[PDB]
Structure formats: C-alpha cells, structure tokens
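Novice: Take this structure, written in structure tokens, and hold onto it; I'll ask about it next.
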RNA sequence: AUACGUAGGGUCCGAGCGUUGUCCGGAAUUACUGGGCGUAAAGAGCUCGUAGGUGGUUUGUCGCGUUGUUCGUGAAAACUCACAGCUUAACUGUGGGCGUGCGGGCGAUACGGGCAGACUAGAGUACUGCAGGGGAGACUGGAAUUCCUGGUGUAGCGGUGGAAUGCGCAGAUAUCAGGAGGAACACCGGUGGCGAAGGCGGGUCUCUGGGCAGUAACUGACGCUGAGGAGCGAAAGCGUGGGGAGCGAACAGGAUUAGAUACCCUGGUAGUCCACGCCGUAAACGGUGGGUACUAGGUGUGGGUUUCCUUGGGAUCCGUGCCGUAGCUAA
C-alpha cells in the first residue's frame, strides 16, 4: 500500500493490552488487607465468594480473592497477593497464597494438596 | 456415531473393494424454524481417499448422523478427485481458496512429515502424502478450509503439462531438482512393482 | 500513465484469459523482447511487428493446443516502479519451484533463471510465467 | 474569451514564428492575456466565484509551461519573463 | 455432580511437581515477506498544487544506483560441522564452516538513473461548430396571497374526528374593481442537460465558466498523484442596516388527554429575503479518492459529426441508465 508512504510512516502494533498492575510484573507482592466483606458473583453462578482489598507494598490498592473454604487472614495482615483471573467476579484479578506469609492453608484440602496451602498429611 | 461395534447373526456388513481411508471433519446442528418450533438436522463433511492419493469429497445434509455420514461417503464416491505428487512430497508449492479460506502447500525434504492443521491433516493423509508442509489462514472456519484444500490440490500437475504447453520438454520445466525427486519417486514405485511381481 | 510494462502484462493476462487468440501492442523494445523470449520458450504462439501509429506495433498470437487452453499460466510484473527488484547470481529464484521461467535483465542483456544460473550474473529480475 | 483575432495577433507578436501556435511562449502569451481579461471581469463580478476556478487552472498551466520554458533554455525564459513583465 | 467436597480408582511427572511474573510465536493481531477501506474497522465535503514520489518512444555517453570479480576484512568464545577427552552425560579442548558485513582494486552496460539530445501517440495550444437551469451582475413581469381603497351584499365565516379558541353581524365570508406589500417562478420540469462539490431552473441584457465533436496547424514528454498549504463550500446560527405580504422557531389561548408543554385549531417574535460579513460543520454517499492501459453483450439516452437506403439506416467520439459475459464479493 504505497510503499513510499510506508517509508513516510507506518507499521506499528495496535495496543499492549496490559494485564498485571500490582507493580514490576511481580510474581507476588505483600501488603495489608482490609475490607474483607463478601460480595456477590454473577447471577447464573449464584453463590457468595470471600474477597478482600489489599494495599500492597507496591503502593497500589488492588482486590484479592480468598481461595478455599476456610480463611486465616483478618484486618492488618501481611498477606501475599498473587495475580489471578476471576471471571466470576467483577474487577477481581488477584488472590492470596495460602500456607504463606499470613493466610494459613485451607483446612483439610486434599484434592489439590499443593494449592490452598495444604501441607503434607503426616 | 454410537454403538458401531456390533457382532450379530445377520448377513453381512457391506464390505467392498477400494480399501479407502475415510474421515469426517465436523458436523454442526442445523435448526429449521417451523412455526413455533425447531427441527434439528445434521451436516456431515466426509473425505475419503486412498494411500495411492486419489481423493473424494462428500457432503451429507441428513437429520441423522449415520445418514449424514453415508450421504457424505456416497457423494465423495460420486465426487472423486485425483492428485499428482512426487514420492512423498508435492510437485510444487501452491495456494488454494474457498471464498475466505486460504491454504498454502509446499514440498518438504523426504521424511519430513505431513505438518498440517487438524482438518488439513485429514484431507491430506487420505491421499498419498507422507511428507509435505502446509498451513492455512482466514475464514475462521473448517468447511471452507476443507473446500479450499481440494482447490489447492487441483492446481497440481505433472511436468508433462508445462512441457506440452511450452512445447519444450522438461529441464526449464522440470529441472534437476524435481527431476531427481521424481526419479526417486518412480524408482521406488518400480522397485515396489518388481517386488510385488514375485 | 506511469507504467507501460505492467500494462503490457495486464493486457496479456486479460486477452489470454478472455479467450482472445491475439493481442496488439505498441512496440517498445522492452515488451518486444519480453514477447520474443515468451515465444522462445513457447508460452505463446508467435509475435510479429509491423508499422502503426508513429512507432511500430507488435502483434502476439497466444499458443492454444487441442482446445481453448493457454500455455500461459499467468503473468505478474515484480520489479515494478516504486518496488524495483534486483537479484544476484546465487539466489536466482526458481519459478514455480523451478517449473516455470522468468525474466532477468542481466548486465549482459536479458536472461532467465536457468540461463543466468548457468552463467552467473544478476542485477534485475522481472515478471515470471509458468 | 480569447477572441479568435486577438489570439492570432498575439501569436504573431510573441510566438516563435508563424503557424507555431502551441509553442510554449505562444501559449504563455495567450493564457496571460486571457488572465488579464478575466482580471476585471472578476473585479466587476465580485461574487462570480465560478470563473475563478478557470482563472486558477489557466494560471497553473501557465506556470507548468513556464517551467518547461526554463528547463529547455533559460535564455528564452528570461526573454519572455521581462517581455511580459511577470514578477 | 465423573465439574463441587470426599474416597478409592485411573492419567502423567518425579526429587521433583504444580502456582505466580515476563517475552516470542501461535496472531496474517501492523499483512515487506504476509491486510484491508460500497453493506463488517476504514475515500477528508470538493478543487489546485509546493515538498515528495512518480513516468511516453528513440540515439550515443557515464556506470552513481545495480550486478560480476580479486583482495583486506568481520577477536576468541558465539553457533554449527567434524575430532578428542570429562566414568556417561552435563562440560571442556581442537580445528572448520561461520563470522551473512564493510572497504579497495578490477568488470558489466539489460534496467533505473545522470548527461547530451531527438520524436509525436502522452500532455498542451489553434481552427471550425455543438448543449445550456455554469455563475455573477443590471432591468422587467404579473399570477397569487395578504393588507389597504370604493362598492354590492348578506349572519355567517374559518376552525376540527367534533369541538373551542378567532372574527363578524359596524358588514366579516363572498363578488367586482382598484391600490399596497413581499416572496417565489406552477405548467415546460425529465436518467434530460449543465456544474469540482455544495448547486442550477419566469423573461431580457452584459461579462464570464468549462466541456464535446472533425484538421494536426503547432509545441515537442511540458504526465499523474499529491502530504504541508490554498480557497470554495448545504442549512442553521451570530456581527452590522434594511425588509416582513405570508410562514414561522421561541413564546401566546383554546382541544384529546391523568397531565399538553404535543400532535389539532386559534396568532405571532427572531429567523426566514436582501447587502456586506462571520463559521465550515450535513446522511457535504457510486456510502466506491485522482489518473491511466486491457475484459461478451444487449438495451434505453444527451451532444456531435461523419458513412450507407430513399428523411430511412451505419460508424465514430464524448455524456448519461438498466439488464446482463468473463471475472470478482461472505453474500
């Protein structure tokens, strides 16, 4: 298409379409959680999912999910937030690792046994 | 395509000659809106072929999956198609189209293998291909992709065609490159014929 | 008006495709030699140049065999204005994987892929027909 | 417009020779005088807004021929330039 | 619930095994390779043209571009080929290819390009006519409306699905005649023309716009595109002074209606018109940029000229429709 016009200008890609925004593309950050109130998922997936809002060390205030059944984190907790993708919830794209800095692993998790911070059964 | 492995006391199972490899790519449920209701039928695309290479394409629009398969098989028997190649290669790189679907084909080193997409893999391996390179683009579909496969295959011919068109023989038409490839192909064929003679 | 040789090839394509058995053309030496080599390798029947509007004119007969089928498979100028194309002795492209023939305007004149490969000079390729 | 007699006498005057209508100087003179004619037709038809396009087209053709005059021989170019008093 | 959770039971991997973070490809998802812009994303409202790109036919030169060649050249490791060893492997050593290049000398003259040119098909100029709502400017017309003037002459008129707003009865409606006003030109008025596009139509006059046609008369490639930039450019709206007959936003009463502010009626202000200006947006669309060479037809249809019957018919070139070949489109 007007090779000379290409020489004039052109050929740039469209848009980055960024995903992670905690900072530094961090494999994980840590911070203080608050506002751990449970909200509603989508109507077809009628349930209630436990989440929280964490101010990470990255100086950004993001929304993290609390995977599993039981939780250990409360207010003023050193929660380690990792990236996630929860299409079941609006604007929720983070999780908190169990069996880690603050949140104890999910009690008696056995199907996963690596996720949900469930250590080896003795 | 359910409960096809049956061993009964009936007569036969309709076996014949033409030990042809069959394949089916996909069937989409087809909805006719009658007044206040939906009738559901099936659409099968059947590709039959031979290890020698000759191919057939059929299209069964039947409200039953086995009827659709049979209709596609018999249309492929009606709608056959022949392909020239070089041993296990293609005689020359080609491009084919079905209205949005584009397919590129290319000869490869002997033994490279049929590197092709899911639909293309079937449409090719039903023929005598063992080692060519190919890919496809566009149409975001499969029916048009399968249709364009045969479109590309149609552009295939022996060097004899261009030799007669030019009046001049091979050489410029078929240079050593293909010359030696077709020599290997025909020599392997002749050796196989000699072995099968005894 | 910018490109005469592209119009040459376009007229060949249309005239052969539209089943005409002949085509008429102004005779600039470029297209003259293009059709000359074309009949040399036999994708057309025969070319003859006579007198016309102030220049001359070349008339080309397309080779059709037992039926209305053209020895020409297609035509496409490659080294077009704005995208003029140069090639060397080693990477001399093989037309239709080598099946077809090309035009390469060598420093030594005009040659195809095989001829230049046998010799070994390059610099300017042109359309190819197969 | 360029009346059939005034254009002929202009061709005789500034043209390279007789019958050489269309020579660059000849066309320059013809279009120049046509432009001078339209100069006042526009000044009385202040809202003509329709002959000005032809004005500009003829001006552009005059310049497009002036460049050819200059490239072939700057001498004739200067000759006509100070003959007609342009710029 | 084989999707959850739990058990077996199976898949696979193993001192690993999964999760998060990031990059490449898959993506043709920037389409040089390797995309499109009628209806899906995409032709500015339209002109010219600077920069730029970009090129007709032909003679000789140059060999810059371009290619051919010799050499310097591109550290080692790189990475690979080949060899050897590290218990094997990892790993290391050895030598190759490789280091795709640049630079220097030498060559080619097909092509681009440069130089000298030359030619007329391109382009541009003339001759002679063809279509005219192309524009502008100045002059004029009366229809007709309303108002005003003199009558005759009535209690009704107009209003709407009906009403009631409005008025008459003073003479309203009406009829005739007259005057005033302001605006526009029905019929012709349509694939028919003109115009770059917005646009063009009562008549006269003046200036002017461009196109088409037959003679090469001539110039002798003066071609095209065109970013920036340039003006023009529907209506509205505002600046400035007029107009206003009518319409008429806004704003007024009455009417359906729960609500009218709305449809309906009863009026009318800016505007609508003119003069000089502003702005620049419209669905300013063949939704199809400008230009150029080829690809069955058929049929309406404007301008021209020629050629063939005795106006009749043909050809040709330009405008303008529809259908239909090839071929193209997702259709």
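Bear in mind these aren't lab numbers, they're just calculated from the coordinates by the rules spelled out. With ideal geometry, Cβ positions are generated from the backbone for all residues, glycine too; neighbour counts draw on all protein chains shown.
Novice: Once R0 is set to 60 Å, what does the formula 1/(1 + (r/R0)^6) return for the Cβ-Cβ distance between residue B:109 and residue A:34, expressed as a FRET efficiency to the nearest 0.05? Mind dumping the intermediate values first?
Specialist: On the way: r = 63 Å, r/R0 = 1.05.
After rounding, the FRET efficiency stands at 0.40.
Novice: Among B:69, C:5, rank each residue by its count of other Cβ atoms within 10 Å, from fewest to most, as a rough exposure measure. Could the numbers behind the result be given before it?
Specialist: On the way: B:69 21, C:5 18.
Sorted ascending by nearby Cβ count, the order is C:5, B:69.
Novice: Quick one: Kirkwood hydrodynamic radius for chain A, alpha-carbon pairs, angstrom, one decimal?
Specialist: 16.4
Novice: Something else: With a Cα-only, solvent-free Debye model of chain C, what are the log10 I(q)/I(0) values at q = 0.10, 0.18, 0.23 Å⁻¹?
Specialist: Debye output, listed in q order: -0.32, -1.01, -1.45.
Novice: Hey, another quick one. Could you check which residue among D:77, D:68, D:14 shows the biggest mean-square fluctuation in a GNM of chain D with a 10 Å Cα cutoff?
Specialist: Highest fluctuation of the listed residues: D:68.
Novice: Between 0 and 90 degrees, rounded to the nearest ten: what's the tilt of helix C:29-41 against the longest Cα principal axis of chain C?
Specialist: Once rounded, one gets 90 degrees.
Novice: Order these by the 10 Å Cβ neighbour count, fewest first: B:90, B:170.
Specialist: Neighbour counts put them in this order, fewest first: B:170, B:90.
Novice: For a distance above 15 Å, tell me the whole-number percent of Cα pairs in chain D that qualify.
Specialist: That fraction is 60 percent.
Novice: Ok, one more. In degrees, nearest 10, range 0 to 90: what is the angle between the Cα axis of helix B:176-197 and the longest Cα principal axis of chain B?
Specialist: Roughly 70 degrees between the two axes.
Novice: Still on this structure: Name the most mobile residue of D:44, D:69, D:28, meaning the one with the largest mean-square fluctuation, in a Gaussian network model of chain D with Cα contacts below 10 Å.
Specialist: D:44
Novice: Now for a different question. Please compute the average number of Cβ atoms from other chains found within 10 Å of each residue's Cβ in peptide B:165-178.
Specialist: Across the residues of B:165-178, the mean count of other-chain Cβ atoms within 10 Å is 5.
Novice: Quote the Stokes-Einstein diffusion coefficient, in whole µm² s⁻¹, for region B:38-197, based on the Kirkwood radius over alpha carbon pairs, a temperature of 20 °C and a viscosity of 1.002 mPa s. Intermediate values should be presented prior to the final figure.
Specialist: On the way: Rh = 17.0 Å.
Answer from the Stokes-Einstein relation: 126 µm²/s.
Novice: Which order do B:89, A:40 fall in if you start with the one that has the fewest other Cβ atoms within 10 Å?
Specialist: Neighbour counts put them in this order, fewest first: A:40, B:89.
Novice: Compute the long axis of helix D:52-72 from its Cα atoms, compare it with the longest principal axis of the Cα atoms of chain D, and write down the angle in degrees, 0 to 90, nearest 10.
Specialist: 10
Novice: Suppose only helical runs count, i.e. DSSP H with n ≥ 4. What mean residue ellipticity at 222 nm does that imply for chain A under -39500 (n - 2.57) per run, divided by all residues and rounded to the nearest 500 deg cm²/dmol? Display every interim value, and only then the final one.
Specialist: Numbers: 1 runs with 6 residues, N = 122.
Result for chain A, helices only: -1000 deg cm²/dmol.
Novice: Determine Rg/Rh for the protein assembly as shown; Rg is computed over alpha-carbon atoms and Rh is the Kirkwood hydrodynamic estimate from the same atoms.
Specialist: 1.17
Novice: May I ask you to give the average projected area over all directions of the convex hull of the Cα atoms of region B:115-198, in nm² rounded to one decimal?
Specialist: Taking the Cα atoms of region B:115-198, their convex hull projects to 7.6 nm² on average.
Novice: Moving on. In deg cm²/dmol, rounded to 500, what helix-only [θ] at 222 nm does chain B give when every DSSP H run of at least 4 residues adds -39500 (n - 2.57) and the total is split over its residues?
Specialist: The per-residue figure over chain B is -10000 deg cm²/dmol.
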